[PDB]
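Worksheet: the structure to be examined is printed underneath.
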Amino acid sequence: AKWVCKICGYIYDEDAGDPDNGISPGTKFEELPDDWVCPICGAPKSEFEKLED
Ligand SMILES: [Fe+3]
């Protein structure tokens with residue numbers, strides 16, 4: 001799945017992960033550590049929304 005940062009528009013793509021910030025490709029959004037933040041704007045996990053209906 002993909003999740004958008006509601007603040008800045010960064011897309012957390014589970015297939016990409018976020019390796020520069022310690023997250024291997026394939027990591028689901030729920031599994032990101034509680035203190036992971038948007039790598040662009042620093043928003044907390046609460047500010048992301050899943051891109052699905
Ligand atoms: Fe952001």
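Here's how to read the names in the structure tokens: chain A, B, ... by the order shown, residue numbers from 1 in each chain, ligand numbers from 1 in the order shown.
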Within 12 Å of ligand 1, counting only C-alpha atoms and all ligand atoms: which residues, as a ChimeraX atom specification? /A:3-12,36-49
Among the residues of chain A, find those DSSP assigns to strand (DSSP E) from the backbone and print them as a count of residues only. 10
